[PDB]
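Just follow the structure's listing: the first ligand is 1, and inside any ligand the first atom is 1. Quick note on labels: first sequence line is chain A, next is B, and so on, each numbered from 1. Heavy-atom basis, side chains included; hydrogens, waters and symmetry copies ignored.
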Amino acid sequence: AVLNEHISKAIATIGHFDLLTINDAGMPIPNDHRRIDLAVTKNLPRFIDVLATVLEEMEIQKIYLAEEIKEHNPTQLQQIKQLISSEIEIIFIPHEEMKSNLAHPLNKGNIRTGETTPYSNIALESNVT
Amino acid sequence: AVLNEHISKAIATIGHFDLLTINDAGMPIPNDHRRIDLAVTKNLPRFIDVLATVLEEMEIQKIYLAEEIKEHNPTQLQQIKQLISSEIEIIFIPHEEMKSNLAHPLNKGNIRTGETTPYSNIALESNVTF
Ligand SMILES: O[C@@H]1[C@H](O)[C@H](O)CO[C@H]1O
Ligand SMILES: O[C@@H]1[C@H](O)[C@H](O)CO[C@H]1O
């Protein structure tokens, strides 16, 4: 099995209430030890493919999305909905809040993808591991 | 233009004779400052896509490939030949030496991809950059 080293590491540091984010190419991710840059070029890797992969390696209770996704990227939102269990809660917050959450005290990592479609950003809150 | 921060930073330090490698998922890359892990899952990203991207950002004079790629992965060899110029030398060395070169003194970065097809590894040698 092939997995990202930095992602597997971060997932192992993750417990109840901890956050892990997946982001598009333009999300202003703070430059620190949480930042995990997987971007290769435009749309590689895709946000959706990285999300599908991470979800196989995690127990999630809540996800956070930009309110703006509903209007500006309904295809992404639909792709996300189709991927997650129908029991996990989806909370919509302002995109400006999604940016603050990049620096959340419980944020255990910020994954950067090559995705270029707007508001392809998510935050994943762990259940009890 | 979307770009990897690590790859971009490594290339900024690359001069004549310096090496940069792109590798498949199972290649034993030493866990140091040179390790740039882009692997997501099986065959994502593909070796050939990462190679294509990097060659746009770099001027190369030679490449190193495993002798083993001729028999064991001829389609990858053909894909590499299609990507590189005719005025760049291809040198075949044993895979064991490809592994050694991950620690070469002039190695400026080891990129790991999600590639699963065997011997999908390369080392790129820089020309004069200024
Ligand atoms: O790329 C991100 C968002 O996804 C949105 O596209 C606006 O710019 C950046 O904050
Ligand atoms: O993945 C690499 C090589 O490409 C080969 O497939 C053997 O295993 C690893 O050393």
Side-chain angles (χ1 to χ4, degrees), chain A residues 1-3 5 21-31 35 37-39 42-43 45-48 50-51 63-77 79-80 92-103 110-123, chain B residues 1-3 5 21-31 35 37-39 42-43 45-48 50-51 63-77 79-80 92-103 110-123:
Chain A
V2 16
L3 304 163
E5 158 214 32
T21 73
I22 303 161
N23 303 277
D24 66 30
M27 191 63 148
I29 301 178
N31 191 23
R35 179 173 163 143
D37 196 346
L38 309 179
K42 165 175 197 136
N43 285 157
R46 283 293 214 147
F47 162 95
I48 200 61
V50 175
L51 177 65
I63 67 150
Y64 303 86
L65 295 171
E67 173 71 37
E68 287 87 351
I69 207 180
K70 310 210 192 111
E71 169 173 9
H72 298 281
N73 203 340
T75 56
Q76 197 66 280
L77 175 58
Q79 290 182 164
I80 296 169
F92 296 97
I93 60 174
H95 178 60
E96 207 67 45
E97 249 192 71
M98 296 287 297
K99 291 191 270 175
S100 301
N101 284 340
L102 298 174
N110 298 308
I111 300 160
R112 175 170 192 244
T113 69
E115 183 69 40
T116 54
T117 67
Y119 308 112
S120 291
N121 310 110
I122 192 159
Chain B
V2 172
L3 295 162
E5 171 183 295
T21 83
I22 309 172
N23 305 274
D24 67 23
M27 183 70 153
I29 299 166
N31 294 317
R35 188 174 159 117
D37 198 349
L38 310 179
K42 285 180 184 172
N43 282 162
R46 291 286 222 147
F47 167 86
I48 201 68
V50 180
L51 177 63
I63 63 161
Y64 301 84
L65 300 172
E67 170 74 14
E68 290 89 345
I69 202 186
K70 295 187 181 114
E71 185 189 19
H72 302 282
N73 205 344
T75 48
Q76 194 70 273
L77 177 60
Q79 288 179 174
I80 297 162
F92 296 92
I93 63 178
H95 180 62
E96 223 80 328
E97 279 184 33
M98 296 286 289
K99 293 195 281 174
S100 299
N101 283 3
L102 301 165
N110 295 318
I111 295 157
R112 174 179 195 242
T113 72
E115 185 68 37
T116 55
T117 68
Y119 307 107
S120 291
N121 312 104
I122 190 159

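A:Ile63 CD1 to A:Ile122 CD1: the interatomic distance, rounded to the nearest 0.5 Å, is 3.5 Å.
Distance check for atom 4 (O) of ligand 2: a protein heavy atom is found below 4.0 Å.
In this structure, B:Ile80 and B:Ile48 have side chains that are in contact, with non-hydrogen atoms separated by less than 4.5 Å. Put simply, the side chain of A:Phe47 does not reach to within 4.5 Å of the side chain of A:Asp24, judged on heavy atoms. Between A:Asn101 and A:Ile93 there is a side-chain heavy-atom pair separated by less than 4.5 Å. Residues A:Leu65 and A:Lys70 form no side-chain contact, since every pair of their non-hydrogen atoms from C-beta on lies 4.5 Å or further apart.
Residue B:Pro118 holds the heavy atom nearest to atom 6 (O) of ligand 2 of all those in B:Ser120, B:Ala25, B:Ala66, B:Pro118. When B:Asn23, B:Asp24, B:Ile69 are checked for heavy-atom proximity to atom 2 (C) of ligand 2, B:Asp24 turns out nearest.
Close approach of ligand 2 to B:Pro28 (heavy-atom distance below 4.0 Å) involves ligand atoms 10 (O). Within ligand 1, counting atoms from 1 as listed, the ones closer than 4.0 Å to a heavy atom of A:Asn121 are 3 (C), 4 (O). Those atoms of ligand 1 with a heavy atom of A:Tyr119 less than 4.0 angstrom away are 3 (C), 4 (O), 5 (C), 6 (O).
Between B:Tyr119 and B:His95, the ring planes are perpendicular. Angles over 60° get that label, and only those under 30° would be called parallel.
With salt bridges taken as basic N to acidic carboxylate O contacts below 4.0 Å, one links B:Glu5 and A:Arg35.
The closest approach between a heavy atom of B:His72 and any atom of ligand 2 is not below 4.0 Å.
In terms of protein heavy-atom proximity, atom 9 (C) of ligand 1 is nearest to A:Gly26 O, 3.7 Å.
The part of B:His95 lying near ligand 2 is the side chain, judged by heavy-atom distances below 4.0 Å.
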